[PDB]
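Just one chain follows, in the form deposited without this ligand, and it is written as structure tokens.
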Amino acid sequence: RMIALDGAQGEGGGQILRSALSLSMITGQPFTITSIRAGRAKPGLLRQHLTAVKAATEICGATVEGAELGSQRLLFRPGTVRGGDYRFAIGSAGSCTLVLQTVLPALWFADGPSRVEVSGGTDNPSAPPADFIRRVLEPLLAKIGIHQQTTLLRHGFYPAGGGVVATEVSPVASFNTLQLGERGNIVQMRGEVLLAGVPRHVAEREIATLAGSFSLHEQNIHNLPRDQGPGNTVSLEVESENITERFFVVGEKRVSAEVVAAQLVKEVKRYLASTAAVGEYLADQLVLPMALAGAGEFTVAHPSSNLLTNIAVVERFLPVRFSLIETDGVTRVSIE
């Protein structure tokens, strides 16, 4: 028919559009969306979102109205999804991985394998880093029966970009059921700093803060050429018995090293203070995979707007339904 979506849903960001594109491509169901990111400083499609739309259009031969920078309304009628070897350029420090997030789910259903390469930003503070996709999400996707492998080829920091991320994907042969309960005991914590055009002592100070609070099985410092930067990220990977999670912060010019690491330690203790298996962000990224699988569940401490938006969009496009039940400060998200 036609699914009409309100871009103001939830936190009114690009997530509704990315999820709609994936599900539209997969199901063949057309959608219209209005008020796209209408309440933002730079409203409508930014280069990240336009590149997502262009990639979706190209992969499935879509009929489209409104794909242009700044547009707040899109109409998208998908055609047949084709596997293949694709390359896209954002042309800004917009998130490579969010473009990949948009089109990879459609490729889980093509006849043969695909590869998608996107150039743009790689360490955006409000997007999943390539290492998160590779080390946290993808191992879970594998348990669901979805096989994709993401590799960061080059870093590209804000505002220059020029980073490159690629993902190899194979069509799903069979889906499996993944049920995540409590997080389980800690097995290993691993701290990591990335540096580009930033003095090496910044990294040591950042790690020292992390180690003061946590027993670290690893302390890693990665130095890159100065053209990939100026950039700085601090990450903590938490391996528990039942799951691995990963949290990260991005240093800024007028914020110091010791406090950059401090807000990471804060975010991480927030995760550990709950028994929830999955963190805030991973939760919204498991909704579509489990929905397409027809089964699955996980626990999360505080269901976010993006999580709830993703569930709502899924339910408009697919016959699946989600249950959300809270037990003692932890919400179990499950397919009915």
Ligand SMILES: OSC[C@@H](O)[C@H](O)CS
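Start at 1 with the first residue shown and count on from there.
(request) Between 40 to 48 and 64 to 72, point out the one with the higher average CA B-factor as the PDB entry records it. (result) So the stretch with the higher mean C-alpha B-factor is 40 to 48.
Segment of higher mean CA temperature factor, 249 to 257 or 88 to 96
Mean CA B-factor is higher for 249 to 257.
So among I221, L137, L107, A160, who wins on Cα B-factor in the entry? Comparing C-alpha B-factors across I221, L137, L107, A160, the maximum falls on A160.
| Say you rank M2, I335, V330, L5 by Cα B-factor from the PDB entry; which sits at the top? | Spelled out: the listed residue with the top C-alpha B-factor is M2.
Test of reading the entry: by CA B factor among the chain's modelled residues, which third contains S114?
Answer is lowest: the recorded C-alpha B-factor places it there.
Please say which third, lowest, middle or highest, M290 falls into when its CA temperature factor is compared across its chain.
Tercile = lowest for this residue's CA B-factor.
Check: Taking the entry's C-alpha B-factors for this chain, is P225 in the lowest, middle or highest third?
Finding: CA B-factor rank for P225: highest third.
Item to complete: Grab the CA temperature factor for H201 from the record and place it in the lowest, middle or highest third of its chain.
Response: It belongs to the highest third of the chain when residues are ordered by C-alpha B-factor.
Checklist entry - If you rank every modelled residue in this chain by C-alpha B factor, which third holds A276: lowest, middle or highest? => result Middle third by C-alpha B-factor.
There is another form of this protein, the form deposited with this ligand bound, and it is not shown here; the text below is about that form.
### Message
Please tell me which of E218, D227, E241, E252 lies within 4.5 Å of this ligand in the deposited complex, judged by heavy atoms.
### Response
If I apply the 4.5 Å criterion carefully, the residue I get is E252.
In the deposited complex, the one of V172, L178, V198, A89 near this ligand [non-hydrogen atom within 4.5 angstroms]: It is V198.
Exercise for review: Look at the stretches 68 to 76, 145 to 153, 227 to 235, 110 to 118 and give the one with heavy atoms within 4.5 Å of this ligand in the deposited complex.
Suggested key: Selected range: 227 to 235.
*asked:* Residue-level question: is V260 within 4.5 Å of this ligand in the deposited complex, judged on heavy atoms?
replied: Answer yes; at least one heavy atom of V260 falls within 4.5 Å of this ligand in the deposited complex.
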